[PDB]
Each structure stands twice: as C-alpha cells, then as structure tokens.
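Numbers here are sequence positions counted from 1. The analysis underlying the following values was restricted to heavy atoms, covering all of them including side chains, and did not include hydrogens, waters or symmetry mates. Both ligands and their constituent atoms are indexed starting at 1 by order of listing.
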Amino acid sequence: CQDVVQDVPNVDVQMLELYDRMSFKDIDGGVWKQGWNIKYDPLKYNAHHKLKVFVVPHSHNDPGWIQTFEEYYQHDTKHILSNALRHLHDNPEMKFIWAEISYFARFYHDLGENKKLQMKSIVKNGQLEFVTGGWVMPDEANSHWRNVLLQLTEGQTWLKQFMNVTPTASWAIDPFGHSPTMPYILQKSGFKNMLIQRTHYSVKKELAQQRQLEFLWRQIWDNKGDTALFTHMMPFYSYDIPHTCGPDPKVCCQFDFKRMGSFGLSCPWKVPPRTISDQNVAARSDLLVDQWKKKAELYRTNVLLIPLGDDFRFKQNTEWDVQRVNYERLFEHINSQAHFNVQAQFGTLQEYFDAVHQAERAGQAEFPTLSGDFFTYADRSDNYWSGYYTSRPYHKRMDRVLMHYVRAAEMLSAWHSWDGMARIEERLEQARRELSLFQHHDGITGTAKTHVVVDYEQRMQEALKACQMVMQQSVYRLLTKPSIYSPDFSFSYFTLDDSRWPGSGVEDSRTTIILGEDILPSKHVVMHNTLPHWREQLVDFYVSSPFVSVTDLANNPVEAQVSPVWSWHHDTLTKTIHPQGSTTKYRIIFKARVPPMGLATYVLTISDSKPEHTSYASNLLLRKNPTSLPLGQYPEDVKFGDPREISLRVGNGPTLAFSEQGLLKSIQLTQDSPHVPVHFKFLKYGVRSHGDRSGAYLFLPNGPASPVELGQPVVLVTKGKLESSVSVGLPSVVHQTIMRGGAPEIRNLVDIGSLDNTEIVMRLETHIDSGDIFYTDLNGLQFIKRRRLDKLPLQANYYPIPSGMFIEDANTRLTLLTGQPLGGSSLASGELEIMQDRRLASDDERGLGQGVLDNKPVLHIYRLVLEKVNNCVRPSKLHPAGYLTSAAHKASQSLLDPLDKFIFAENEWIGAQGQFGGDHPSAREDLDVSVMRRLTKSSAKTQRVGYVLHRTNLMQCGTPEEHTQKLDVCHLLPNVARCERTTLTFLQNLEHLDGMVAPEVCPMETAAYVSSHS
Ligand SMILES: CS[C@H]1[C@H](O)[C@H](O)[C@H](O)[C@@H]1NCc1ccccc1
Ligand SMILES: *[C@@H]1O[C@H](CO)[C@@H](O)[C@H](O)[C@H]1NC(C)=O
Ligand SMILES: [Zn+2]
C-alpha cells in the first residue's frame, strides 16, 4: 500500500501552490475578455502536419431547473431525442453525444420496438455516443461520493442492459466548479478520459498560457500516480457556441446557425450568422479556421475539440438541418483548400480523445500531471459561486438522510433472495433513481425554481417511504423464526423512528409507543447497524409513560434515562421563544449495542412506578419572568433561575462551559486539563445595495458578518446520567448542545422566517494558531488543505463543507463534522464558520429568474471534536491533504450512518429473535462496506451480491487500539462459488480471486467485489 501521509507527490501543477502564486487580476484581454490576443504561426500546420478538427454536436438537458424533469421531457427532451434519432438515421456522417441517462431511459422505454432497434443501430455504429452515462451530470461540490457513484451506476447499468455500451469518457460541462472525487470514481469505473468546463477564469488563463489545459489528474495524496485520469479543461467562458469555436465570441456566434432570427435567437455581439453559400464560403472559412487555429494554440496536439451545442438544443428538425447543412458546406470547402491544412468533421467525444492519445503515442506531446480541486469557481469579476454551497439547506440535509436510507434498505434486503411479489427490486430501483436524480447540478445545489424544488422533495419523500417498506420487511424476515414467518408484503410490521429527520420542530412525525395497563404492557424495538463493526449508540423513543424500563431479549435489564419531550414555540403574544413540555409523552434513552451489519432487539415495558434501572433527568429553565412548566407524571419538577453561566459533564467525557446566553464558551477534555476557549456565535451577512446581488448561485456579501442581536434568550438545561443538553431559543435558531460522554452533538433548528436578504452563519472562535490554513472535505471522501487568501474577496474563501472541516496548530485541533453539506470558511486564525441558511429577494442573473424565498425550518446536525494533536503523525507542511483522527471519523459516521430504529407495529411479535449478525466480522475502524447490493433477481440460478469497500486513512496518534477481524465480504453469504473484483459500478470483472477471498483495501482506496452463490 502507498503511504498517503508521508510522501508529498511531485506534480507539475498543484492547485493550492498555484493559488498561492497567482495574482488573479481581472484585466480586459480583448475579444477573449479573460485571456489575451492569441497569435499563431501560419506555418505550423502544412501538408505533412494538418490540424484535425472534431466538431461535436451536443444538447445540455437539465433533469429539472426552470421546469421539472417531466415538464422538460414533454416540452423539449422527447422532441430532441426523437429528432436526433431521425436525423442521425438519415445522415450517416452526422454525430451527437448524450449525457443524461435519466432522460434517455424515459425516452427509450416509450419507443416502439422498430424505433428501439433504429436507436440501438445508431449507437452501435458510433453516430450517437453516450458520454459519462450517469443518471445525471452531478453537482461536484455538495454531493457525497457514495451518491455520485450511485447515480453513475444507475445510468451505466441501464446502458449496459439496453444499449450494450459502457462509456469510458466523461463530459461535465455545467457543474459549478470541479472535484477530484470525479476522476477518483471514474478511474475506478473503467474510464480513460474526462472533460470539465467551469473553472475560475484566472485558472483558465494561467493554464492556457502554459498549455496545461490537458493534464493527468491524480489525487492529492497519490505519490505514484496510479489514480491519474487524463482530463481536458475547456478554455473559455462557456460551453455555448459563441465560446467554443475560438477566442472571439463575436465571430463564433456567426457559426451558431440557430441565431439568424426565425428561432427567436440572436447574437449579443450584433453580427448575425449568415447562410453558407458558394459566394461567401471562402471568407466564412477564413474566419472560422482562424478561430480554430487560435484555440489550437492553447493545446499540445494537432487534434482540436470543437463542441457544437447549448441548453436543450437540437429540438426542431429545421435546427438539425440548419446546423448540419451549413457545417457540411464549410467542411467541404476547408478540407479541399490545401492552404488551410485542416481536416474537419463531425465527431464524438471518444473520437477526439482517441486521436489525442494517438498523437501522444506518436511522441508529439507529453502531458503535465496535476493534483488539487477547482473550487471556488468564479465566472467573471468577483462573482464567486459559493452561495449554492448552502442554498435550499432543507433538501441538502434530506439528501444525506436518503443517502443512508438507500444504503440501509439495499443492505438489509440483500441478505435474502425475494419473491417478485414482495416488490423489493421495484422499490429499491425507485429509491435509487430519485436519490440519483437529486444529484443533478440544479438539485442538491439549491439552484432550481421553487416548484422544481417541490418536485425533488416529493420524489425523495416517496423514495424514503420505499426504503422504509423494504427495510421493515427485511427486519421482520431476519428476526422471525423461519417456520413461523408469514409475510404480507403490503403490511407494515415495523415503522421507522428517526429522531433527526425531519426533526423536532420541523414535523411531528414520530410515533409515540403507547403502553398502559389497560392496553399494552410492552413493545419490541429493533436497531440496525449498517457499519461493519460492533457499535454502541444511545437511542431514544417517545413513550406514553415515564415509568418504562428496557431489557434485551435475554431479559437482562438495560440502564435507561427518561427526559421530557420539549418543543419550542415562538410566542406571538409574549414575543419570546420558549419551550413547552408534554404532559403525556416522554423520551426514553438507552444504549443499544448492535452487531456489525446487524440487528439487535430490545423490549420497553411499563410499570406502575419508577423502575429500578431507569433514571430521570433534571430540567432547569433560565429566563427572567418564568412561568410554571408542569410535566404530568414525570417525577422531577422543573427548576427555574435567572440566566447564568453553567457547566456540564456527562460520564468521564469533556466538561463544557456555557455563557448565560446558552452558547458554548469552553471545553475541558479531562479533570486536570485547561478550559480551552471554544465559543459559538451566530452572525448575519447582508446583500449589496448596488452592483451585483447574491442569489441562489452567488454569495456577494456587503462586508464581514455582523453579530445577531440575541436579547436575553431563554435557555433550557437538561441534566441526565446518560445524556445532558443546553438549548437556547435565539432569533432564527433553536441551538442545542448535547452531551453523551464524548464529543458533543450540536443541533440547530433553523427558521430564517421572513428575514429578507440575510444569510445566517454559525461561527466558532478559538485561540488555535491556525493562521491562514484550514481543511475542508471533498464529497465526504477526503480532506483538502485550504489557504485563506486576502488577495481574494470574502466569498472566494468560502468552500463546500460536504461533511466536515477543521483547523489546527502544532498542539490542538478543532473539527466540526456535519450531517448536511453547507458552505463555510476560516476567515481568521482560530475560526471556523458554516452557513446555516440564506434568504435572498434578488435574482443573481444567471437565468434562474428568482431569489431564494422558499425557506423552511431545517434541523442541521453536527459533532464538535476538540483534540490534542501534538503526538499525531501528520503530513509535512507541503502536503496538500489532511486526515481525521479516529474520534472525528467515528463522529462523522454517527451523523451520516446512525443506527436505524424500528418499532414493532402490532401487539405481539410471534417468533421474535434477539439478534442478527452476531457472527459477522467486526472490521478495523477505518474500513466501511459502503454498498452491499444483491445484483440478481430470485429466478437466477447463480445469485450475485456486490460490495463496495472503502478504507479511509486515520491519523496515528499513539493509541494501540487493535484486535479486529479480517473482513472478507465474499464469505458473508453462504455457498460462495466465485469471488471477483469488479469496477465500482459492478459492470466489468477485473480479477478472479483465489480462494474466493476478497482482500481488504489500502488506505484511501475503494474496491468493488461481487460474490456468486449456488
Ligand atoms: C444559469 S447556469 C445553468 C443552470 O443552473 C442549469 O444547470 C442550466 O443548464 C444552466 N446552463 C448554463 C448556461 C446558461 C446560459 C447559457 C448557456 C449555458
Ligand atoms: C455487445 O457488444 C459486444 C462488443 O462489441 C459484442 O461482441 C456483443 O455481440 C454485443 N451484444 C451482446 C452479445 O451482448
Ligand atoms: Zn445545467
């Protein structure tokens, strides 16, 4: 295994180093506004060395943006595909590339058989070529790598099954900035090439000057280069026709033949295209070839890529004709005039890359190596696209909930083969497809119109219901005596109980377990642990009595704590935000211990008085002018006091101190250690009163944030043996700090209400001597070093925080893990900040045509880990990566993949069993079974199960922590007959494994294996 910590890779271009050296000046470069006047030597190409030009027709089809997926499909995409089929069928030399499989599958299944056969023929002959082949073209900033892989697999599995092709070239022309997680996943999925477009205009200029727009993109920790994927970065401001033929859009726009008038389009530069004729073809070719030769100067080979397309293009038959006939006249002239020394033709993306690599092998070019990312993108001036790291945060959080539910449903149901009548495959396909659709670069990014966001939310809600159905049928089958099991595949044997989604104060969706002497004495509950190691975690349920005790199925008592059910209310009469307690529902909390990828059953039983093994939390309300807070049968009366500082400690864990406003002020790790200043603060950013305004994409603050005026907020302190907390009702946020013995959990119920033109930020202030350095993650996969640059505006220093961020000095580190992707930064030494929500009345002029005014309450969740790191073996100062400690990685897993909780629905569960998975191996902590998916239906004689195994890399800090079992996923199911290593999409077998044993992977690697069973 390669060492991912101690060896700094030697690359030609390292993006953090490039950023440190670049000046980012925005000067007027002439017709190429953000470049320079390109010059070329006319003698460079001659009869023995011609410029080969591939014009690649395309149509960018968003699966939701200004219209819903179905609306665009009916109004636009179905016509584009039907006419592409007809025009390619009838014109053998015409070509077209297609990226979004969600639309293609929707179209293909509606075609008659004669047309399905015509479509398969134009794909098999190479006229229509799929690029990437994912369900969507995903966002690369907020997406979790597990969902990027999920959507890639959904689209490619469909293509292999119906079109018999697997793309090896990727096309990503619209995500707003680009992540190295893409080449990481693509290279492990059989790809050989990829293309990107939205990178900072200063980066395009810098790389163009050095002819470094094509590069071998490797991961930041990869010393050897085996993760490298050839990447082509487009050079210009857009992928539309005016910015793809060459540097001068006023000239290129004249070669978009849809802009002469009858289609309702025109050229902003005021010179229209003209139909090509024998009288103008020489002057028109002179102009076009000059643009091509200028573009070719920015690259190293004699093969030039010329995309020809725009959003929802190629819809009308007349549009196909006008583009094709005019380009054919140009090619016939250009290719016959030896003096141009050009051979131009329609082509596909793969044809371009194959020709580039033929040139490379002929020794005509060598390509530079590059590591790093391409965030934060700016398309012009100071317009940095960091707003969408936070826009529509409710749905960003929903993405992570559904991510976990899909994994848990696929894993729980993979253990058995299911009859078709159980509809398991049907429900899982629906859930995977709705989550995959939301990875679109207008889905999770929060950049779609309001009604489109509602469509994505409804789709995801249906997907969550599908996952619940599959999970609960699976639990019932895994935990019921086989000869007793009698399933009704439409019945709900269990209901899921989720304490954090939609969350307290967001939706009263949780069921109360109703017990009573005259109705039901007890209830079975079951916990599932999708992680491959034994895990303990506190779990809570709502119950109708405070006198409840817990037992495991061997009837051993389990220690429990009962606390009240507190809800917060914005009291419009008293104008205060304060909590109300229930007098008939209570929370019971206990530690569940669950096997690796397993299930554990417990029983909750009511008694007439306080149970021996259940304790009760105390509650203290701090506010002036208190009023009584009765709690029914709860045995401890609520206490009251004036606001004051307070301190809490659960177990042997840290001691936390809070201000009189209920906000953390310090953390003391152990009895003797110092009280380290760690202060939470809420602030607000506004919008500019002149110039460009913030919107769904752009963050254009009117200066540094201002503290939110807090008044004298109401603070609620609950102190328990198993769990304590401090909650405060601030304007726009009920902020909670929860302690269970280790790093605290933070929950914010964020309701920005009607605060227009406001972005609310949560900041941590410490005295850690971080300087200008901080770390943020990329797609939940890796942590990358960031350097704050005062030569760039505030919004340029914001980066995606898809799952965590940290600051550190020689001795101390503070890591904030998230349960949802949000934007954040470290704007001063010792600080971390993360945006909670943003409400914007203005549009940011990118085409969305609305502000962001559809905010709704969202429960954001986090873990806050303060640690001593002086003994940790960390990368050197020049390494571009950072790594989590064991505690921080486990805290991230507690947010993203918590235990699942099931409540038995009926009164009695006959044949109930106490555990599943007790014999499953408990794998080393850095290893995860990211995906477990049965790949065959029940009619297959040979069953196949696919696993994606990911190993992260955790810092060595002196903890022996060992004794674990080797995990061989190929032997998790019985009767294994074969084990194969495959691409991550499971679509190609790469190695037949000896002994049917799937080896574990190296740190930072991901592998896939498929086991076959007789
Ligand atoms: C506003 S940017 C982007 C949206 O968020 C959608 O994804 C849409 O495809 C659009 N493309 C880029 C584009 C815009 C205008 C003209 C040509 C291309
Ligand atoms: C699928 O493509 C392969 C490669 O061209 C070809 O050999 C095969 O016949 C095609 N159809 C089948 C058999 O799946
Ligand atoms: Zn788009």
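In this structure, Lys295 is not positioned above the aromatic face of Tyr299 in the sense of NZ or CZ being under 6.0 Å from the six-membered ring centre and within 45° of the axis. Cation-pi check for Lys204 over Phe236 is not met; the charged atom does not lie both under 6.0 angstrom from the ring centroid and within 45 degrees of its normal. With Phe346 as the aromatic partner, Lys95 does not meet the cation-pi criteria of under 6.0 angstrom to the ring centre and within 45 degrees of the ring axis.
Side-chain contact of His75 with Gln67: a donor-acceptor pair under 3.5 Å is present, judged by distance alone.
For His200 and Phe24, the ring centers are positioned less than 6.0 Å apart. Aromatic pair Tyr377/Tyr384: centroids not less than 6.0 angstrom apart. Ring centroids of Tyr388 and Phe699 are separated by 6.0 Å or more, keeping the two rings apart. Here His441 and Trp65 keep their ring centres 6.0 angstrom or further from each other.
The salt bridge (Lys or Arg N to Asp or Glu O under 4.0 Å) analysis of residues 378-395, with sequence neighbours excluded, yields the pairs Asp379-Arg846, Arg380-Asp692, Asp382-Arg688, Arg392-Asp854.
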Is there any protein N/O under 3.5 Å from an N/O of ligand 1, and what does the full list of such pairs look like?
| from | atom 1 | to | atom 2 | distance (Å) |
| --- | --- | --- | --- | --- |
| ligand 1 | 5 (O) | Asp442 | OD1 | 2.6 |
| ligand 1 | 5 (O) | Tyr697 | OH | 2.7 |
| ligand 1 | 7 (O) | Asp62 | OD1 | 3.0 |
| ligand 1 | 7 (O) | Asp174 | OD2 | 3.0 |
| ligand 1 | 7 (O) | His441 | NE2 | 3.0 |
| ligand 1 | 7 (O) | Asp442 | OD1 | 3.3 |
| ligand 1 | 7 (O) | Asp442 | OD2 | 2.6 |
| ligand 1 | 9 (O) | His60 | NE2 | 3.1 |
| ligand 1 | 9 (O) | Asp62 | OD1 | 2.9 |
| ligand 1 | 9 (O) | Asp62 | OD2 | 2.5 |
| ligand 1 | 9 (O) | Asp174 | OD2 | 2.9 |
| ligand 1 | 9 (O) | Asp311 | OD2 | 3.2 |
| ligand 1 | 11 (N) | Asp174 | OD2 | 2.9 |
| ligand 1 | 11 (N) | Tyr239 | OH | 3.0 |
| ligand 1 | 11 (N) | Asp311 | OD2 | 3.0 |

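Listed by chain and number, residues touching ligand 2 at under 4.0 Å (heavy atoms only) are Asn164.
The environment of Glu93 atom CD is sparse: at most 12 non-hydrogen atoms of other residues, nucleotides or ligands sit within 6.0 angstrom. Enclosure of atom NE2 in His89 is not indicated, since only 12 or fewer non-hydrogen atoms of other residues, nucleotides or ligands lie within 6.0 angstrom. No more than 12 heavy atoms of other residues, nucleotides or ligands lie within 6.0 Å of NZ in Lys115, so this atom counts as exposed by the packing criterion. Counting non-hydrogen atoms of other residues, nucleotides and ligands closer than 6.0 Å to CD of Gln74 gives a total above 12.
Ordered by chain and number, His60 NE2, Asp62 OD1, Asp174 OD2, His441 NE2 make up the set of protein N, O or S atoms under 2.8 Å of the Zn ion (ligand 3).
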